[PDB]
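Content type compact mmCIF, C-alpha atoms and all ligand atoms, from the file my_file-v3.txt:
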```
# COMPACT_ATOMS: atom_id res chain seq x y z
CA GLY A 1 -80.18 43.15 1.28
CA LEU A 2 -82.93 43.79 -1.29
CA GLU A 3 -85.27 45.02 1.45
CA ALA A 4 -83.13 48.18 1.45
CA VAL A 5 -83.88 48.62 -2.27
CA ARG A 6 -87.63 48.43 -1.63
CA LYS A 7 -87.40 51.07 1.14
CA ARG A 8 -84.93 53.43 -0.56
CA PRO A 9 -85.66 52.86 -4.27
CA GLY A 10 -84.58 56.46 -4.98
CA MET A 11 -80.97 55.52 -4.18
CA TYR A 12 -80.95 52.65 -6.69
CA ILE A 13 -83.03 53.87 -9.65
CA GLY A 14 -82.78 57.66 -9.22
CA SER A 15 -86.51 58.34 -9.21
CA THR A 16 -89.75 56.54 -8.46
CA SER A 17 -91.55 58.61 -11.11
CA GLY A 18 -92.11 57.54 -14.72
CA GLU A 19 -88.36 57.94 -15.23
CA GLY A 20 -87.62 55.15 -12.72
CA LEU A 21 -90.39 52.99 -14.20
CA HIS A 22 -88.60 53.11 -17.57
CA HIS A 23 -85.20 52.63 -15.95
CA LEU A 24 -86.30 49.13 -14.94
CA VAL A 25 -86.54 48.19 -18.61
CA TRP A 26 -83.01 49.43 -19.31
CA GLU A 27 -81.55 47.53 -16.39
CA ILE A 28 -82.91 44.26 -17.82
CA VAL A 29 -82.13 45.11 -21.46
CA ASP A 30 -78.52 45.94 -20.47
CA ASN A 31 -78.06 42.33 -19.34
CA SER A 32 -79.22 41.11 -22.74
CA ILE A 33 -76.92 43.59 -24.46
CA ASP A 34 -73.96 42.26 -22.43
CA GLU A 35 -74.78 38.78 -23.79
CA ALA A 36 -74.78 40.28 -27.32
CA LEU A 37 -71.36 41.81 -26.55
CA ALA A 38 -70.17 38.39 -25.36
CA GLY A 39 -71.09 37.32 -28.91
CA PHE A 40 -73.95 34.90 -28.27
CA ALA A 41 -77.19 36.91 -28.29
CA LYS A 42 -78.22 38.11 -31.76
CA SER A 43 -81.83 39.16 -31.13
CA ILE A 44 -83.58 40.95 -28.24
CA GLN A 45 -87.32 41.48 -27.90
CA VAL A 46 -88.85 43.99 -25.53
CA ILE A 47 -92.62 43.64 -25.01
CA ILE A 48 -95.07 45.87 -23.13
CA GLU A 49 -97.66 43.30 -22.09
CA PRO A 50 -101.38 44.22 -21.95
CA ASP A 51 -101.16 44.83 -18.18
CA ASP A 52 -98.13 47.21 -18.39
CA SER A 53 -95.77 44.40 -17.38
CA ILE A 54 -92.57 43.92 -19.37
CA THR A 55 -91.03 40.89 -21.08
CA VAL A 56 -87.44 40.89 -22.35
CA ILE A 57 -86.27 37.95 -24.47
CA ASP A 58 -82.75 37.18 -25.73
CA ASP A 59 -81.32 34.24 -27.69
CA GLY A 60 -77.96 34.07 -25.91
CA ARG A 61 -76.49 31.18 -23.91
CA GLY A 62 -78.93 31.40 -20.99
CA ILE A 63 -77.98 32.59 -17.49
CA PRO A 64 -75.76 29.99 -15.79
CA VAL A 65 -77.87 27.60 -13.71
CA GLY A 66 -75.16 25.69 -11.84
CA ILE A 67 -74.77 25.76 -8.05
CA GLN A 68 -72.10 28.22 -6.89
CA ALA A 69 -69.79 26.93 -4.14
CA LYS A 70 -69.81 30.30 -2.34
CA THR A 71 -73.61 30.61 -2.11
CA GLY A 72 -74.85 27.02 -2.43
CA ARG A 73 -77.53 28.38 -4.78
CA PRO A 74 -77.95 28.28 -8.58
CA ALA A 75 -76.16 31.21 -10.25
CA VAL A 76 -79.43 32.41 -11.83
CA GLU A 77 -81.04 32.78 -8.38
CA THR A 78 -78.13 34.94 -7.20
CA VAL A 79 -78.56 37.18 -10.29
CA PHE A 80 -82.01 38.21 -9.03
CA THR A 81 -81.67 37.99 -5.24
CA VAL A 82 -78.25 39.45 -4.34
CA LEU A 83 -77.61 43.19 -4.55
CA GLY A 84 -79.43 46.02 -11.75
CA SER A 85 -81.28 42.72 -12.25
CA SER A 86 -81.83 42.26 -8.52
CA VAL A 87 -82.99 45.89 -8.19
CA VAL A 88 -85.64 45.26 -10.84
CA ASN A 89 -86.69 42.11 -8.98
CA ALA A 90 -86.97 44.02 -5.67
CA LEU A 91 -89.14 46.73 -7.23
CA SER A 92 -91.53 44.31 -8.98
CA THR A 93 -94.66 42.64 -7.61
CA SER A 94 -93.42 39.57 -9.49
CA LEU A 95 -90.49 38.67 -11.69
CA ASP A 96 -90.18 35.35 -13.54
CA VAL A 97 -87.11 34.05 -15.32
CA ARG A 98 -86.91 31.25 -17.86
CA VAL A 99 -83.47 29.99 -18.94
CA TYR A 100 -83.39 27.91 -22.13
CA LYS A 101 -80.20 25.84 -21.93
CA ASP A 102 -78.98 22.29 -22.74
CA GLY A 103 -82.42 21.22 -23.98
CA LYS A 104 -84.15 22.30 -20.76
CA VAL A 105 -86.25 25.25 -19.55
CA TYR A 106 -85.20 26.31 -16.04
CA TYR A 107 -87.76 28.45 -14.20
CA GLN A 108 -87.80 30.58 -11.07
CA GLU A 109 -90.12 33.30 -9.81
CA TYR A 110 -89.91 35.97 -7.09
CA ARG A 111 -92.59 38.11 -5.42
CA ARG A 112 -91.62 41.59 -4.21
CA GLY A 113 -88.06 40.26 -4.40
CA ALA A 114 -88.61 37.04 -2.40
CA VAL A 115 -88.00 33.59 -3.89
CA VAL A 116 -91.14 31.52 -4.53
CA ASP A 117 -89.49 28.13 -5.07
CA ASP A 118 -86.16 26.53 -5.97
CA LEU A 119 -85.13 26.63 -9.63
CA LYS A 120 -86.96 23.85 -11.50
CA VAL A 121 -86.90 22.30 -14.97
CA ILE A 122 -90.43 22.86 -16.32
CA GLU A 123 -90.17 21.91 -20.04
CA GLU A 124 -87.80 20.62 -22.69
CA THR A 125 -86.66 23.02 -25.42
CA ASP A 126 -84.57 23.32 -28.55
CA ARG A 127 -83.77 26.99 -28.11
CA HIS A 128 -81.23 28.87 -26.01
CA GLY A 129 -81.47 32.17 -24.20
CA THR A 130 -83.03 34.02 -21.29
CA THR A 131 -86.52 35.47 -20.86
CA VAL A 132 -87.32 37.82 -17.96
CA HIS A 133 -90.83 39.11 -17.28
CA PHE A 134 -91.61 41.60 -14.50
CA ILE A 135 -94.56 43.55 -13.13
CA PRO A 136 -93.44 46.92 -11.65
CA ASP A 137 -94.73 47.41 -8.10
CA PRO A 138 -97.26 50.27 -7.70
CA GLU A 139 -96.27 50.42 -4.01
CA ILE A 140 -92.97 51.79 -5.37
CA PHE A 141 -94.16 53.51 -8.55
CA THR A 142 -96.93 55.50 -6.93
CA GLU A 143 -97.15 58.23 -9.61
CA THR A 144 -97.48 55.92 -12.61
CA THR A 145 -97.10 52.31 -13.72
CA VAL A 146 -98.04 53.11 -17.34
CA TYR A 147 -95.30 52.63 -19.98
CA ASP A 148 -94.55 55.09 -22.78
CA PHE A 149 -94.09 53.17 -26.05
CA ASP A 150 -92.50 56.09 -27.93
CA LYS A 151 -90.04 56.66 -25.07
CA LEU A 152 -89.05 52.97 -25.10
CA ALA A 153 -88.90 52.83 -28.92
CA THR A 154 -86.70 55.93 -29.15
CA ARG A 155 -84.14 54.36 -26.82
CA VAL A 156 -84.40 50.89 -28.40
CA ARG A 157 -83.53 52.49 -31.79
CA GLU A 158 -80.54 54.25 -30.19
CA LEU A 159 -79.44 50.94 -28.64
CA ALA A 160 -79.67 49.18 -32.01
CA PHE A 161 -77.42 51.89 -33.47
CA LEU A 162 -74.88 51.76 -30.64
CA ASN A 163 -74.91 47.95 -30.81
CA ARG A 164 -74.62 47.76 -34.59
CA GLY A 165 -75.47 44.26 -35.82
CA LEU A 166 -77.97 43.54 -33.05
CA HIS A 167 -81.61 42.85 -33.88
CA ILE A 168 -83.79 44.55 -31.31
CA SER A 169 -87.54 45.10 -31.32
CA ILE A 170 -90.13 46.86 -29.17
CA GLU A 171 -93.77 45.74 -29.08
CA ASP A 172 -96.87 47.21 -27.45
CA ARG A 173 -99.62 44.67 -26.72
CA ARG A 174 -101.90 47.12 -24.90
CA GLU A 175 -105.56 47.49 -25.88
CA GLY A 176 -106.33 49.79 -28.81
CA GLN A 177 -102.68 50.65 -29.48
CA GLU A 178 -100.88 47.49 -30.56
CA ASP A 179 -97.66 48.42 -32.37
CA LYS A 180 -94.22 46.96 -33.06
CA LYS A 181 -90.97 48.42 -34.31
CA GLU A 182 -87.95 46.31 -35.30
CA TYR A 183 -84.43 47.69 -35.61
CA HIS A 184 -81.24 46.35 -37.15
CA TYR A 185 -78.24 48.33 -38.29
CA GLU A 186 -76.05 46.23 -40.58
CA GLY A 187 -72.41 45.28 -40.06
CA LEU A 188 -69.79 44.66 -42.76
CA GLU A 189 -72.37 42.79 -44.87
CA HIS A 190 -73.95 46.18 -45.73
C1 LIG B 1 -83.59 39.04 -20.62
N1 LIG B 1 -82.23 38.55 -20.52
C2 LIG B 1 -81.52 38.62 -19.37
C3 LIG B 1 -81.90 39.27 -18.20
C4 LIG B 1 -81.09 39.25 -17.06
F1 LIG B 1 -81.56 39.86 -15.96
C5 LIG B 1 -79.85 38.61 -16.99
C6 LIG B 1 -79.42 37.96 -18.14
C7 LIG B 1 -80.24 37.93 -19.36
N2 LIG B 1 -79.59 37.25 -20.32
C8 LIG B 1 -78.43 36.76 -19.88
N3 LIG B 1 -77.52 36.02 -20.50
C9 LIG B 1 -76.43 35.65 -19.84
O1 LIG B 1 -75.60 34.85 -20.53
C10 LIG B 1 -74.49 34.24 -20.01
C11 LIG B 1 -74.34 32.86 -20.10
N4 LIG B 1 -73.21 32.32 -19.62
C12 LIG B 1 -72.26 33.09 -19.04
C13 LIG B 1 -71.01 32.45 -18.50
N5 LIG B 1 -72.40 34.43 -18.95
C14 LIG B 1 -73.50 35.02 -19.43
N6 LIG B 1 -76.15 35.98 -18.56
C15 LIG B 1 -76.99 36.73 -17.82
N7 LIG B 1 -76.51 37.09 -16.58
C16 LIG B 1 -75.34 36.47 -15.97
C17 LIG B 1 -74.49 37.72 -15.73
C18 LIG B 1 -73.43 38.02 -16.80
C19 LIG B 1 -73.53 39.52 -17.10
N8 LIG B 1 -74.91 39.80 -16.79
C20 LIG B 1 -75.43 38.92 -15.75
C21 LIG B 1 -76.85 38.37 -15.99
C22 LIG B 1 -78.22 37.19 -18.49
```
Could I get this structure in the form of structure tokens?
Ligand SMILES: CNc1cc(F)cc2c1[nH]c1nc(Oc3cnc(C)nc3)nc(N3C[C@H]4CCN[C@H]4C3)c12
Amino acid sequence: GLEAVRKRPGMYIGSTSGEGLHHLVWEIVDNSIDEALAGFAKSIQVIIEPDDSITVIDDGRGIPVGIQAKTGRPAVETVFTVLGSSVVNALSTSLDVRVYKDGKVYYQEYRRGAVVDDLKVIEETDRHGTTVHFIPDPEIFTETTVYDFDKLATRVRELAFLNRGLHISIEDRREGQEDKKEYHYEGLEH
């Protein structure tokens, strides 16, 4: 399964250069955009964390957490472990997901694609949505693991335009260069 992704990442993300590094972000963001298209997510945050890891937050319904009859596993686990989202998981040292749903925070983490523990309720919550955080694997991204804020921001702006009505932001939390841009193109209320 995902072991094939780790050994032939070029076949799944096109390049293991800086281009592939950035592609990981778009694979995750595309899931959030699908939840905006479904009509439930209204706001997406993309964050470059101080260690060049990435957090993507949406306020949609939250990935389904119920057990699937076919797999016997929670749907959210299958999202990350069965062969875009699972490709990002495979090519990350660690990926953690938090699903905010029905007053509960469901949490699972993976390491180089492998499950750490069964999905668990860790907290109560009043919000809804999905947060994915991932650390790209330098064993895969041997040229660079350093994100380009302008490159991400340029595409985030384009995505806001193409998904008119969506609020989407990009934030850099790295030392000496903290920045944030927020985008929102108005609908019929304009
Ligand atoms: C950082 N965010 C993020 C990241 C991410 F990797 C996945 C999701 C994600 N946010 C999500 N929200 C939903 O919402 C749904 C809730 N309920 C249903 C029935 N479908 C979708 N579903 C999600 N799923 C379920 C599948 C439907 C199409 N895309 C797949 C991933 C995500």
List all protein, DNA and RNA residues that have an atom no more than 7 Å from any atom of ligand LIG 1 (chain B), counting all atoms listed in the file, and report them as a PyMOL selection string. chain A and resi 28-29+31-32+34-35+56-58+60-64+79+85+129-132
Quick one: everything within 7 Å of segment 108-112 of chain A, counting all atoms listed in the file, minus sequence neighbours fewer than 5 positions away in the same chain. Send it as a PyMOL selection string. chain A and resi 89-98+117-120
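Point (-78.3, 48.9, -17.4) has the following residues at most 12 Å away: residues 12, 13, 22, 23, 24, 25, 26, 27, 28, 29, 30, 31, 32, 33, 34, 84, 85, 86, 87, 88 and 159 of chain A (atoms considered: only C-alpha atoms).
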Hey, can you spit out that residue selection with C-alpha atoms as a PDB file, in the coordinates of the input?
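Output contents, as saved in selection_32.pdb:
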```pdb
ATOM      1  CA  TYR A  12     -80.950  52.650  -6.690  1.00  0.00           C
ATOM      2  CA  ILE A  13     -83.030  53.870  -9.650  1.00  0.00           C
ATOM      3  CA  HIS A  22     -88.600  53.110 -17.570  1.00  0.00           C
ATOM      4  CA  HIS A  23     -85.200  52.630 -15.950  1.00  0.00           C
ATOM      5  CA  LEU A  24     -86.300  49.130 -14.940  1.00  0.00           C
ATOM      6  CA  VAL A  25     -86.540  48.190 -18.610  1.00  0.00           C
ATOM      7  CA  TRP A  26     -83.010  49.430 -19.310  1.00  0.00           C
ATOM      8  CA  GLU A  27     -81.550  47.530 -16.390  1.00  0.00           C
ATOM      9  CA  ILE A  28     -82.910  44.260 -17.820  1.00  0.00           C
ATOM     10  CA  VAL A  29     -82.130  45.110 -21.460  1.00  0.00           C
ATOM     11  CA  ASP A  30     -78.520  45.940 -20.470  1.00  0.00           C
ATOM     12  CA  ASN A  31     -78.060  42.330 -19.340  1.00  0.00           C
ATOM     13  CA  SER A  32     -79.220  41.110 -22.740  1.00  0.00           C
ATOM     14  CA  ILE A  33     -76.920  43.590 -24.460  1.00  0.00           C
ATOM     15  CA  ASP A  34     -73.960  42.260 -22.430  1.00  0.00           C
ATOM     16  CA  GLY A  84     -79.430  46.020 -11.750  1.00  0.00           C
ATOM     17  CA  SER A  85     -81.280  42.720 -12.250  1.00  0.00           C
ATOM     18  CA  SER A  86     -81.830  42.260  -8.520  1.00  0.00           C
ATOM     19  CA  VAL A  87     -82.990  45.890  -8.190  1.00  0.00           C
ATOM     20  CA  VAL A  88     -85.640  45.260 -10.840  1.00  0.00           C
ATOM     21  CA  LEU A 159     -79.440  50.940 -28.640  1.00  0.00           C
TER      22      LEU A 159
END
```
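The spacing separating atom CA of residue 142 of chain A from atom CA of residue 54 of chain A amounts to 17.5 Å.
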Residues within 12 Å of (-94.4, 24.9, -22.6), file coordinates, counting only C-alpha atoms: what are they? Give the list as a short mmCIF file (atom, residue, chain, number, x, y, z; two decimals) with C-alpha atoms, keeping the file's coordinate frame.
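Here's the written file out_30.cif:
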```cif
data_model
loop_
_atom_site.label_atom_id
_atom_site.label_comp_id
_atom_site.auth_asym_id
_atom_site.auth_seq_id
_atom_site.Cartn_x
_atom_site.Cartn_y
_atom_site.Cartn_z
CA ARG A 98 -86.91 31.25 -17.86
CA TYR A 100 -83.39 27.91 -22.13
CA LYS A 104 -84.15 22.30 -20.76
CA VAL A 105 -86.25 25.25 -19.55
CA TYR A 106 -85.20 26.31 -16.04
CA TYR A 107 -87.76 28.45 -14.20
CA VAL A 121 -86.90 22.30 -14.97
CA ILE A 122 -90.43 22.86 -16.32
CA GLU A 123 -90.17 21.91 -20.04
CA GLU A 124 -87.80 20.62 -22.69
CA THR A 125 -86.66 23.02 -25.42
CA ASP A 126 -84.57 23.32 -28.55
#
```
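Comparing A:44, A:50, A:66, A:156 by their smallest distance to residue 176 of chain A, the closest is A:50 (using all atoms listed in the file).
Between residue 153 of chain A and the residues A:188, A:46, A:82, A:2, the shortest atom-to-atom distance, using only C-alpha atoms, involves A:46.
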Just the residues within 12 Å of residue 177 of chain A, please, counting only C-alpha atoms, with nothing from its chain fewer than 2 positions along; format it as a ChimeraX atom specification. /A:48-50,148-150,171-175,179-180
Convert the current residue selection to file output with C-alpha atoms, as a tab-separated table (two decimals), in the coordinates of the input.
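And here is the file that came out, out.tsv:
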```
chain	number	residue	atom	x	y	z
A	48	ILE	CA	-95.07	45.87	-23.13
A	49	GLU	CA	-97.66	43.30	-22.09
A	50	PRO	CA	-101.38	44.22	-21.95
A	148	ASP	CA	-94.55	55.09	-22.78
A	149	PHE	CA	-94.09	53.17	-26.05
A	150	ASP	CA	-92.50	56.09	-27.93
A	171	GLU	CA	-93.77	45.74	-29.08
A	172	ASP	CA	-96.87	47.21	-27.45
A	173	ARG	CA	-99.62	44.67	-26.72
A	174	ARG	CA	-101.90	47.12	-24.90
A	175	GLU	CA	-105.56	47.49	-25.88
A	179	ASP	CA	-97.66	48.42	-32.37
A	180	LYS	CA	-94.22	46.96	-33.06
```
Correct to one decimal, the distance atom CA of residue 37 of chain A-atom CA of residue 163 of chain A is 8.3 Å
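When only C-alpha atoms are used to measure the gap to residue 169 of chain A, the shortest distance among A:152, A:7, A:145, A:134 belongs to A:152.
Distances here use all atoms listed in the file; by that measure, the residue among A:186, A:59, A:114, A:47 closest to residue 80 of chain A is A:114.
Pairwise distance (atom CA of residue 20 of chain A, atom CA of residue 74 of chain A) equals 28.9 Å.
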